[PDB]
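Below is one structure, written out as C-alpha cells, with a few remarks after it.
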Amino acid sequence: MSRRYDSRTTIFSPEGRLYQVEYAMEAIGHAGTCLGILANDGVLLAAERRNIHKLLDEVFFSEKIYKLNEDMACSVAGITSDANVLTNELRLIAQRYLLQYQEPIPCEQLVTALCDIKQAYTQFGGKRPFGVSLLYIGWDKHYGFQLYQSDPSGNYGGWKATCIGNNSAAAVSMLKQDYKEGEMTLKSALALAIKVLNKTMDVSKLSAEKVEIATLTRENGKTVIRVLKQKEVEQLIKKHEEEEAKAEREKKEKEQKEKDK
Amino acid sequence: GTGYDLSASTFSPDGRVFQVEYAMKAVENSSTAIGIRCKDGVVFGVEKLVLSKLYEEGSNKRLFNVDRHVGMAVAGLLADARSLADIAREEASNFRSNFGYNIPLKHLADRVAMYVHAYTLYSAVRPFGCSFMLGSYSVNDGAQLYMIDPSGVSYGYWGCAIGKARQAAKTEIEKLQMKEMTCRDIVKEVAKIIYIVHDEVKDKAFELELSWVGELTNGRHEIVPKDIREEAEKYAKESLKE
Amino acid sequence: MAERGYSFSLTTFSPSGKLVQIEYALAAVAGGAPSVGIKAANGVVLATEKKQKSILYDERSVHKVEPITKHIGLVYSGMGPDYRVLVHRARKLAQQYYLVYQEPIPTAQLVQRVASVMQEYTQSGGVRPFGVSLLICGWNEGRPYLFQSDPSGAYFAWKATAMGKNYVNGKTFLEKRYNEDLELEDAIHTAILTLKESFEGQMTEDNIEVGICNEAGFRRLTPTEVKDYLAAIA
Amino acid sequence: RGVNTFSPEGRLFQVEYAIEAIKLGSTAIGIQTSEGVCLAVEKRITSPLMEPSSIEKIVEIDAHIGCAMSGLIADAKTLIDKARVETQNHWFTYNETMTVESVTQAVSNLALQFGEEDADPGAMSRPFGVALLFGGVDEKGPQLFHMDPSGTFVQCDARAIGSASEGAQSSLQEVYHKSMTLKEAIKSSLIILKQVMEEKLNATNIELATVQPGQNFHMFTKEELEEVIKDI
Amino acid sequence: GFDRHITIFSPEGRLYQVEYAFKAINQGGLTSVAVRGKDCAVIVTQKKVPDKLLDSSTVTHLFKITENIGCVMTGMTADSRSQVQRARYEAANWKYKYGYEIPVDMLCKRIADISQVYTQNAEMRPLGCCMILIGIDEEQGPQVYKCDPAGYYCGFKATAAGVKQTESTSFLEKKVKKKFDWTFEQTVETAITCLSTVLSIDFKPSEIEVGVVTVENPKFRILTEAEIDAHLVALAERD
Amino acid sequence: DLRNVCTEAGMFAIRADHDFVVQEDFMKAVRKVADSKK
Amino acid sequence: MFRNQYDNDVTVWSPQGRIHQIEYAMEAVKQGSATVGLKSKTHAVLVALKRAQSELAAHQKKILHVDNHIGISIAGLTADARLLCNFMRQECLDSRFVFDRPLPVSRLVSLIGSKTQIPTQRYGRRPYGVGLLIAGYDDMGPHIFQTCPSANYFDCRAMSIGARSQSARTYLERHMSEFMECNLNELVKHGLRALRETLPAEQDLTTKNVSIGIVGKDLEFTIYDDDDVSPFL
C-alpha cells in the first residue's frame, strides 16, 4: 500500500469526542495538589510536594513553581518530560512580544498560544497529543491581579480561587465555603490554604518540607516575587495547627455546655 | 498470516523474506536460456515458445544488448527486464564518456548488484523477478561471463543456464570440454542442446535463437541468424529427431 | 516511501494512563551490569563493573565511562550501542555550544539537551527512544554535582544512587551505610563494598572501573591506584 | 483497506457509492428542444421559517453556458469556482467564446485527483459526488450534456437525474419529440415535476430557466412561474 | 510483541528478529578462523564449489578493503558485498578529509553507528553480517576486531567464524596460553590445525584459503600454493 | 537417505533395459531426492 | 481468502508468485467495447463500435486522433485515457520541434511503457484498465501494436479487444491469408463480419454504432462517422 502500519489512531467514533483526550485527564488527577487563591491584596500560590528523600537534594525552591515572566509564574501538573519542552516555547513568545511592543505581554494572550498548539494536533498533524494544565499567578497594571487556569481540552478559565490535583472535587467545595466575595487579605489566605490542604493530605503529619508556598504581591517594579522560606512556612503551619486545636477545644466546651451526652 | 509478505524491510524466522524466495521461483517458471563461454569469446542461445501466427516480434525478444559491446539475455518477466536494462546502458554510458574507457563487464555487474540489494532492505519497491546473463569479450582481459540473480548473488561462470530445464542442461554442459574447440563449433553444439531440450518442453512449437560475441565479431555484440543458424539446425535434425 | 512510515509513535496513551514502551525500558535498564555513584562533596565517585564473559578480549578496549568534556563524564546502565551513539551526539553539542562562548559548561544545560533528544523520539515515530539511564557526573567550583537522567526524559538530583541488576536491593544497602562526611579515598572503599554486595562474580583490577571528578574535574584512575584501595580494605 | 484500491472487480468502489448519494437528492430535469435548452429544477422547501429565496441550485456558468447540479451540494460549490474561472481565462487569451463541451472536459480532468497513490496526483482523497447537466448554445446550436460523476461526459437531448430518475426517464420518453415547441416543452416538464412531488406546487420550491439565442441566458422570475402554473 | 510490521521494546530483552540474524548468517558450510600473533594475524578460510561450470578465480570471500586493512566477511552474500562498497567509500573519504591513515578500529566504530540507527528504524532492517577486521597498526601493532550487527564490536585475542564457533573456541583457549612462543610460520601451522580438527577435514591444496597480515609490511596477501603446501606437509611430519 | 538414491538409479536402468549403469543416473537421482525433501 | 490482502499490496507476490493486480486489470479490458485491428501492411483499418447508454443519447467516441499519422482506439474507461493522450501528444510535439521527425511509433510506444511500469514496481498506482489498439503509418509502413495496462507491448498483424475477442481472432486467422497486401474494400467487409462475432450476435448490424477509420500509403488520419460508412458498405 503505502501506509497500513497504523492502529487507526487519533480518529473519532460514536463517542463523539476523542478517546485519547479523555485519557489524559486521569493522569492529571494523580499528580500533587496545587492551589491558587486570588485575593484583593496579592495572589497566594501553594503546591504540595511529592516524593522527597534524604538521598534526594534541593537545588532550588523552584521544582513545581516556574517563572514564565517577571510577573508570571505557573504551577504545572503533568509528567516532567513533556512539560519542559512546552514551557520553553511559552517563555519564548513573551520575548517576541517584548521585542515589538516594548512592554509586557498580556496574560490572556500568553494563555491563547498554548490552546492553539494543541487544537492543531487534534484536527490533524501526525504527532500524538499531550496533556498539561497550568495554574497562572499573574498581575497587570490596568487590570490588576490575574489568576487563570489552562487544561489541555482547550478550556481555560479564570478564578477567584481554584485547586486542581488530587481530590479536586472535595477541595473545590470547601474552598467555595470558606471564601467570601471580596474582603480577603493575605493573612486570611495563609490560613485558608493550609486548612484545605490538610484535609486532602492522608499523611496525618504536616510539615514545611511537603509544601511549597509563595505569594506574588506588588509594592515595587511591577511586583515583588516572594518564595517562602522553610522556617516561615513551618511557622504558619504551627500557628494554624494551634488554631485547629483551639477550634476543637471551643466546640467541646459548647457540647459540654448544651448538656454532655 | 505469516506476517512478512507484508514486509520486505525486515528479518523473518527464515532470515530473508518469503517474497524474495518467490521471486526465485518465478524465473524458473519462465522458458529456458543457456550461455557458453569460451577462450575465443562467448555464445548465448535462448529458446522462445511460439504463441500463434498473428503475432510477430519486432521489439520484444529475450536477447537484449547493453551499450555497443555488451550482450544481455534474461529469464523472467519481459517488461521489468527491459526497465532494468535501459537504465544500465545509460549508467554505463555516463561512465564510458566520463572515465573515457569502455566499461568492464565486472564493473557493470557491481553497479546492478548494489541496486537489487538496496530494494531488499526496503518495502517501498518490490523487486524484479528476472535473472540477467551478461558478458562479452574484452580486448585484453578475455571472455567473462556473469549471471546476476534476483537473490542478490552474482558470480563469474564457465556456463550458466536458467529456466525450467536448468539442472538438466548444466549436466550436459558439464560433460563437455573446457576449451570447447572454437566458437563456431559451439554454435552447432548449443543448437543440439536446445534441440534436445525441447522434447522435454514440447507442447507447441519453438523458435531457436542464437547470438554471439566472437573473435570474428571483434568483441562487438551481434545476433546469429541467417544461413549460419540454419546449418547448426540441419546438424541437429540429422543426429536425432527429438 | 522515503518519507512514509509511521508518523505517530509506537508508544501510546493507555486507558491505564501509562506508557507501555516506557515501562519496558525500566526492564531494559534492569539488565545492566552493577553501577553506583557516591558524591564525596569535594569529589565525586562513580563506579561500575565490567562483567567479562570471553577470555578473548584485548587491552581494556571499550569503556563504559567516556568523557563528554573535560569537566563532565557519563556512566550508565542500559544498552551499550545506545550509549556510544548517545555520547557522540551530545559530545558534539557540548563542544559546539561552549566554544561559541568561552565560559565553561553548566551541568543542568547538558541534562536539558540529553533529555530533549530522548523526548523528541517519544514525540515522533518511526524511531524508538533509547533505553539507557545515565549518571551525569562532574565537578565545577562549589556547585552541587551528581545527577541522574532517565530513559523517561526526567532528571533528579542525588547524593547517592545505584543501577543495574537488583537496583532496589543495592540502594537499600546504600541508604544505610552512606551518611555524613567522607573522603574521596573513603568513598571509593564504600562503592567497591556496595558493588561487591550487589554481586561479585569476582573483582580484579579489570572488573572494576572507577572514575572521579575532583581536582580540575574528571580524572581517570590508574589500574594500580584502585588496586591499592582493594588491599586498603577488601 | 485502501481506497487507493482498483478493486478485484476492477470497478472502483467510490464511484459506485456516489450514485447512491445522488438518489438521495432532488430531481432535476432537462429537455433541449430544436431551439432552446430548458432546465427545470426542484430547489425544495420543508419548513415555514426557512427562506429558500436564498437557495438555488441552478446557476449560470456564463451567459451562454449554464449548469444545473445534483448531489452533495457543498462539492458542487468547489466545482463551479474552478470552471468559471477557466472559461474566463479563454476570454483573456483569445477574447472568444468557449464550447459547452470544452468547458465540460476541463472540469472532468479535475475530477481525477482522488487518492494519494500514483495513479492520481493527490490534493483530494475522494471525488466530487455530483452529476451536472451542462447546457449551452453556440454555432453547434443548443446542446445538452450529462456530466457523469464517473468523470466522463455523455451527450444528451433529454435527461432526468434525481431520486425519481428511473420513473422520470420513462415519463420523459413519451413526451419527448425530436421537434416540439419550446413553450410546449415547458408545460411537458411541469407535468413530470408535478408527478414526483408530495409537497405543494408553488413557485417557491421549483425553478425554471431556459436559454434562447434571442435573449441570452435567462432565469425565470416568480411572476413568470405563476403564469406557467395557470396554463396546465 | 509485534514483529509483524514493527519492532518494539519487549520484556524479551532482545528481539526475535536480532536473534534470527545471529542464527542463520551462513547458508552454506564454510567455516572461518582468525588468530592474532605479534608476528602475523591470520585468517584461514575455505574454497569450495558445487560444480565446475563456475569459475573460482574470482570467487573469493576474502576482501582487500584497502592496502593496510583486510576484511573477511561472514554473512549473506548480498549483504556482505553491499557493506564493502559502503565501507570503501567511507574510508577513502576519511583519508581525504583528515589526510592521515584511517585506523582499523576507527572504521569498526563508525560502521557500528550505521548499524545502530537501522536498529531504531521500524522502516528498515540492519544488514545481516559479521565483519572481522584485521590489520597491522603501527600504533599498537596488529589489530583484530570483530563486529556483529547488533552494533557490538570488540577486539579479541583470536576468534572464529562459521556455525561451529564455540567448538573452535575450546581449541583456541588451550592454544592462547602460549602463542607468543610461535614464530612466523608456526603461527600459520597451528592456525591451519584448529580449523582441520573442528571441521574434520585434512585439507587439500584447493580447499583452503589462508590470508595473512604481516608485521613490518603493510601487506595483506593471500598465500601461494607452495607456501600453503609447505605448512600442510609440516603437520604430517608431527603426526 | 543415500540408499534410496542408489535404488533410484537402479529403477532408471530397468527402464533403459540394461544391467549397466552410468554416472548420469546418480547425478539425476540425487537431485530428485533433494527436491522432494524438507 | 486474503483477497483484501492482495488488494492492499501493490507489491504483492503469492506462493504461485501471481500478481492479482494484473488479473483485475485484464477483467477491466473485457468490460469495454468491441474493437478490431487489421492491417494488410500497406493499409490498416480498424472497425470500432461506439455505443450509447440510452435511447435519448448519441454514441461516445472511442477513436482518438492522436496525430496526423498515428492513432488509436480505446477499449475501457474514458477518464484515464484522456490523461495518457496528453502525454503522448506532447511527446510528438517536442519530436517535431527539436528533431523535426515523426519518430517511429514503435520507439514511441516502448518509452511510454516504462514510465507506467515503474510505479507498479513501487507504492501507489492502481491499474489504468484501458487496453489500446494503436495504429500508425511509419517509415517502414504501417505497424500495429497492442498496449495493455500490463504494459504488454506486442506488434501483431491484427488483433481484437472486447468480450468475445477470441471468436473474431479465429476468423482473422482463417481469413488471414486472404488479406494480402491489397484491397481497401475487402479489409472492411471482413471487419464488419468479424465485428459481429465479438458481439453477442443477437444485436443486428447498425450504421449509427459502427465507425471505420483508415490510414494507409498516402492516407493519414480519417474517420468515417455514422452514415458515412454506408458508401463503403
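Backbone-built Cβ (ideal geometry, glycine too); neighbour counts: all protein chains shown. Since every read-out is calculated from the coordinates, none of them should be taken as a lab result.
Quick grid of which residues meet (1) farther than 30 Å from G:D218 by Cα; (2) surrounded by fewer than 22 Cβ atoms within 10 Å (Cβ to Cβ):
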| site | (1), (2) |
| --- | --- |
| G:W13 | yes, no |
| G:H20 | yes, yes |
| G:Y24 | yes, no |
| G:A28 | yes, no |
| G:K39 | no, no |
Tell me, which residue of segment E:29-38 that is surrounded by 13 or more Cβ atoms within 10 Å (Cβ to Cβ) and in contact with a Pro (Cβ under 9 Å, 6 or more places away or on another chain) is farthest from the other protein chains (Cβ to nearest Cβ)? E:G37
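Looking only at helices (runs of 4 or more DSSP H) that lie completely in segment G:116-202, which have at least 3 residues being buried (at least 22 other Cβ atoms within 10 Å of the Cβ)?
Passing ranges, in order: G:184-198.
From the set of residues in segment D:1-47 that are assigned to a loop (DSSP other than H, G, I, E, B) and small (G, A, S), which is farthest from the other protein chains (Cβ to nearest Cβ)? Quick ask: steps written out before the conclusion?
Taking segment D:1-47 as the starting set, the residues that turn out to be assigned to a loop (DSSP other than H, G, I, E, B) are D:1-12, D:24-27, D:33-36, D:43-47.
The next check asks that each one be small (G, A, S); those that pass are D:2, D:7, D:10, D:25-26, D:34, D:36, D:47.
Details: D:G2: 5, D:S7: 7, D:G10: 4, D:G25: 20, D:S26: 21, D:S34: 14, D:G36: 17, D:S47: 26 Å.
Among those that are assigned to a loop (DSSP other than H, G, I, E, B) and small (G, A, S), it is D:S47.
Look at E:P126 and say whether it is under 30 Å from E:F22 (Cβ atoms), of a type outside the set (D, E, K, R), assigned to a loop (DSSP other than H, G, I, E, B) and in contact with a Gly (Cβ under 7 Å, 6 or more places away or on another chain).
Criteria not met by E:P126.
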For segment G:58-71, check the following and say yes or no: at least one residue is crowded, with 20+ Cβ neighbours inside 10 Å, in a strand (DSSP E or B), within 14 Å of chain D (Cβ to nearest Cβ) and β-branched (V, I, T). no
Within segment D:134-145, is there a residue that is more than 10 Å from chain G (Cβ to nearest Cβ) and within 27 Å of D:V3 (Cα to Cα)? no
When every residue in segment D:161-211 that is within 14 Å of another protein chain (Cβ to nearest Cβ) and among the acidic types (D, E) is compared, the one surrounded by the fewest Cβ atoms within 10 Å (Cβ to Cβ) is D:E174
I'd like to check something: does segment G:209-226 contain any residue that is part of a helix (DSSP H, G or I), on the phi > 0 side of the Ramachandran plot and surrounded by fewer than 20 Cβ atoms within 10 Å (Cβ to Cβ)? yes
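Residue by residue through segment B:1-16, note down the ones that are of a type outside the set (S, T, N, Q) and at the interface with chain E (Cβ under 10 Å from one of its Cβ atoms). If you could, list the steps in order and put the result at the bottom.
Applying the first criterion (of a type outside the set (S, T, N, Q)) to segment B:1-16 yields B:1, B:3-6, B:8, B:11, B:13-16.
Answer for segment B:1-16, where residues must be of a type outside the set (S, T, N, Q) and at the interface with chain E (Cβ under 10 Å from one of its Cβ atoms): B:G1, B:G3, B:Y4, B:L6, B:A8, B:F11, B:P13, B:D14, B:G15, B:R16.
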Count - residues of segment E:1-28 that are surrounded by 14 or more Cβ atoms within 10 Å (Cβ to Cβ), more than 14 Å from chain C (Cβ to nearest Cβ) and either assigned to a loop (DSSP other than H, G, I, E, B) or without any contact (Cβ under 8 Å) to a residue 24 or more places away in the chain (or both): 5
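Table: residues versus (1) among the basic types (K, R); (2) within 19 Å of the chain's Cα centre (by Cα); (3) buried (at least 17 other Cβ atoms within 10 Å of the Cβ); (4) within 16 Å of D:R159 (Cα to Cα).
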residue	(1), (2), (3), (4)
D:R1	yes, no, no, no
D:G10	no, no, yes, no
D:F13	no, no, no, no
D:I19	no, yes, no, yes
D:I22	no, yes, yes, yes
D:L39	no, yes, yes, yes
D:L49	no, no, no, no
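Of C:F147, C:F199, C:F218, C:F156, which residue is more than 27 Å from C:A27 (Cβ to Cβ) and of a type in the set (F, W, Y)?
On the way: C:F147 fails: more than 27 Å from C:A27 (Cβ to Cβ); C:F199 fails: more than 27 Å from C:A27 (Cβ to Cβ); C:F156 fails: more than 27 Å from C:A27 (Cβ to Cβ).
None of the others qualify; the one that does is C:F218.
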Residues in segment E:220-239 that are under 22 Å from E:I69 (Cβ atoms) and touching a residue at least 12 places away in the same chain (Cβ under 8 Å) total 3
Condition test on C:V62, is it more than 13 Å from the chain's Cα centre (by Cα), assigned to a loop (DSSP other than H, G, I, E, B) and within 14 Å of chain E (Cβ to nearest Cβ)? yes
Please return the ranges of helices (runs of 4 or more DSSP H) entirely within segment E:141-239 where 1 or more residues are among the basic types (K, R) and within 14 Å of another protein chain (Cβ to nearest Cβ). E:165-176
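From the list D:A158, D:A131, pick out the single residue that is at the interface with another protein chain (Cβ under 10 Å from one of its Cβ atoms), touching a residue at least 60 places away in the same chain (Cβ under 8 Å) and surrounded by 22 or more Cβ atoms within 10 Å (Cβ to Cβ).
Numbers: D:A131 fails: at the interface with another protein chain (Cβ under 10 Å from one of its Cβ atoms).
Answer to the check: D:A158.
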Looking only at segment C:207-218, count every residue that is of a type in the set (D, E, K, R) and surrounded by 14 or more Cβ atoms within 10 Å (Cβ to Cβ) and tell me the total. 1
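Can you tell me which residue among C:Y57, C:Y24 is away from chain A (no Cβ under 14 Å), of a type outside the set (A, V, I, L, M, F, W, C) and in a helix (DSSP H, G or I)?
So the residue among C:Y57, C:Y24 that is away from chain A (no Cβ under 14 Å), of a type outside the set (A, V, I, L, M, F, W, C) and in a helix (DSSP H, G or I) is C:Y24.
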Which one of G:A52, G:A34, G:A44, G:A25 is out of contact with any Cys (no Cβ under 6 Å at 6 or more places or on another chain), over 17 Å from G:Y128 (Cα atoms) and facing chain D (nearest Cβ under 10 Å)? G:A52
Quick check on segment E:75-94. Is at least one of its residues in contact (Cβ under 8 Å) with a residue 60 or more places away in the chain and in a loop (DSSP other than H, G, I, E, B)? no
Within segment B:17-61, restricting to residues that are surrounded by fewer than 21 Cβ atoms within 10 Å (Cβ to Cβ) and within 14 Å of chain E (Cβ to nearest Cβ), the one that is nearest to B:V197 (Cα to Cα) is B:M24
Answer from C:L86, C:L99 - the residue that is surrounded by fewer than 16 Cβ atoms within 10 Å (Cβ to Cβ), in a helix (DSSP H, G or I) and aliphatic (A, V, I, L, M): C:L99
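Would you pick out the residues in segment B:197-229 that are in a helix (DSSP H, G or I) and over 21 Å from B:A73 (Cα atoms)? It would help to see each step written out before you state the result.
Keep residues of segment B:197-229 that are in a helix (DSSP H, G or I), which gives B:197-201, B:226-229.
Result: B:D199, B:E200, B:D227.
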Filter segment D:141-176 down to the residues that are part of a helix (DSSP H, G or I), of a type in the set (S, T, N, Q) and in contact with a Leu (Cβ under 9 Å, 6 or more places away or on another chain) and list them by number. D:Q169, D:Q173
